[PDB]
Structure formats: C-alpha cells, structure tokens
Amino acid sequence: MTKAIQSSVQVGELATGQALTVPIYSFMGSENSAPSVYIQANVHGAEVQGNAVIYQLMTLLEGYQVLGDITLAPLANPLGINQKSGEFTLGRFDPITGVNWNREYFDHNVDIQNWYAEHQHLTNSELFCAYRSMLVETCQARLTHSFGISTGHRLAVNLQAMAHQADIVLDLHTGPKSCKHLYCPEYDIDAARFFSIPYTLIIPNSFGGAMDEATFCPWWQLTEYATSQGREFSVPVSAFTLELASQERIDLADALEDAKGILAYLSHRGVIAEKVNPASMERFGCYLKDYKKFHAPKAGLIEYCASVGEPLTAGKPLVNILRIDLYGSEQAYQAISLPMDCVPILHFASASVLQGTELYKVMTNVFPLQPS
C-alpha cells in the first residue's frame, strides 16, 4: 500500500502519434510549513542509476513521516532513454540536432531591479511566493510561442515548470566511467556534507543551460540584489546535480547508499520528521575552474590506469596509449602522466580514441570540505 500518488506528464510526441510521457510520484507533506522537494533522474538517457536511487528512496519514504511535499520524476527523458545505437544508449543529445538535453533549460533574464521595485513592499515569504509564481508562469508561457520551440526545449521547460515549484531540487545524473561526485553552488556548500558523495564541485552563479542553474540562478540573483538594498536573507532555493557513478548501470545496493545520503539532507532540511544522520566518510571539493578535461594528445587504443575517485600523484600514469600500427618503435606504447597532483573523477567509456577525444576529467587543487 504505497503512500505515493502516481500521475504522468506529457513532454512531447512521436511521429507515430505516441505521447512521450514521464511518470510522477508525489508523497504529500503533512505540514504546509515544510520545504518541498523535486527529484528527477535520467534526462541523459544512458544515465539510468538515478531510477534505482528513486526506487530506493521511495521504498524508504514509505516508512518515514513526510512533512513537506516530495515529487519524483524518474525516467524523465523517454526519447533519450529509448534511443539505442548498437549496444549503447545514445541518450545525451537530440539525435537530430546534437543539442545536449541538459543544455536546454530556460534562463528567465528577469529584470531584477524592476521586479523587486514592484514587490519590495511584500514580506520575505510573500515576496518568495510571488517570485515563484512568476518563474512557473513564464516557463509555461514558452510552451505556446507561435513558431513553437524545439523538442529539447519543450522537454526541458515541462521539467523546469515542476522544479520551480519546489524549495529543493535534485537532478540525478551519472558520469560515464565515473566515481560519485556532486555539483553544488557556492552559497550552499554547507549542504554537501549531508550527501554520501566523496567529491563536490563548487559552482558559481552562472547560467549555462542546466537544470540546477535554471533553478537556482534567479533566486541567487534576487538575493544578491536584495542584499544590495540592505535586505539580507539566505537564498530561498537549493539545487544540486548528483553524479551517481557510472552510466549504463543499475546497482540497487549502491543506489540504497545514495538514497540514504539524500535522506540525510532531507532530514536536515525538515522535509521528513526523523533525524537521519549523514554517512561517515572523507569528503573533498574543488572549485569548478580547477576541474579539468584532459584530451587525448594523439589517437590510439587506451588503457585507463588511474582509478576514478583516488588521488593521482603528479607523474603517475593516467593512461597508456597503444599504437599497434607503429610496432617496432617507441611510439607503439606510451605512458601518459599529468604535471600536477589530481583526483581523476571520470573517464571515457570506450578504449578507442581520436586526437582530442576527452580521456578524463580530473580535479586539481582539491581540499577537505570538512577538515577534521
């Protein structure tokens, strides 16, 4: 007997007339007081582990008292999830245009001086309520532009309209071959210690088309502006992108670990009644500017020597490149290392690369979040 109310939302339509739909599960909060939450997975279609996280999270929630509304949208991009090419989900971008599904969210470009002038007389709570209504409506308005909008923009807008309703937004992703990491805005670095995530990227106030930024930027802007008029309060919305290890993988046991960390955060925020403690583990971070993409310096076949999630001392091998077309030479086999210490986070999912193919992303200038 689940507590969840199940519905569905139409996000697009296929040529055969079949609706593209996303299933929505809602755990109603018992206190109108409590912060609400919107959790989605699998916008990048290969990144399926978020669905297992939602499954474990909802299973746990059957036994916790939910104070604030929790809305979960697994399988949030059916077009991408269902897109196969060989034995692999071509789920990252529109197969027609190449546009990354996670770069399709809407930037409101709010005239903040003006909007604030028209609503400054409201209390902090009323001001936040008006501002949220505006973010929802202007988002919904994109759906009825007379020359239309792209398939990817329609998907993104429908998801964003729901995300805007929530106080807390969690966008669940995976990397390729990847360890667990988190994208966390600067203003909310405090929150990083509640998730069960060893590595956090601290991101600035900047819109680059992603769900987390679409969700927090307008609120960050409003707050910095209000502070410049001597009206201090903390950013009313929190948004995070979780990167739950590797794509093309479902692991229920690992998903339960991730779900418990999420519950630790929801507990701390008063979304649930129970105290759920964060896991004990070493947690580190770096600023986004220090997170670097290493591109193949030449083409070849690749052995990935450096383990994801483990420190790599400068000079230790990151990859070996095999060039069997050059046997007889020193060029046939080459160890490649980096000139600084790093923590490699993820690497490319195939063992054959071109010159310029992304091999790894690595964090540099890493530090403990919670030094102890």
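One rule holds for the numbers: they count along the sequence shown, beginning at 1.
Comparing 106-114 with 171-179, the stretch with the higher mean C-alpha B-factor in the PDB entry is 106-114.
Comparing 267-275 with 125-133, the stretch with the higher mean C-alpha B-factor in the PDB entry is 125-133. Each of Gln229, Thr151, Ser85, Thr97 has a CA temperature factor in the record; the biggest one is found at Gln229. Each of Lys260, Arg92, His164, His145 has a CA temperature factor in the record; the biggest one is found at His145.
Split the chain's modelled residues into thirds by C-alpha temperature factor. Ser33 is in the highest one. When the modelled residues of the chain are ordered by C-alpha B-factor, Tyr291 sits in the middle third. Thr215 sits in the highest third of its chain by CA B factor, as recorded in the PDB entry. For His119, the recorded CA temperature factor ranks within the highest third of the chain's modelled residues. Ranked within its chain, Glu330 lands in the highest third, by CA B factor from the PDB record.
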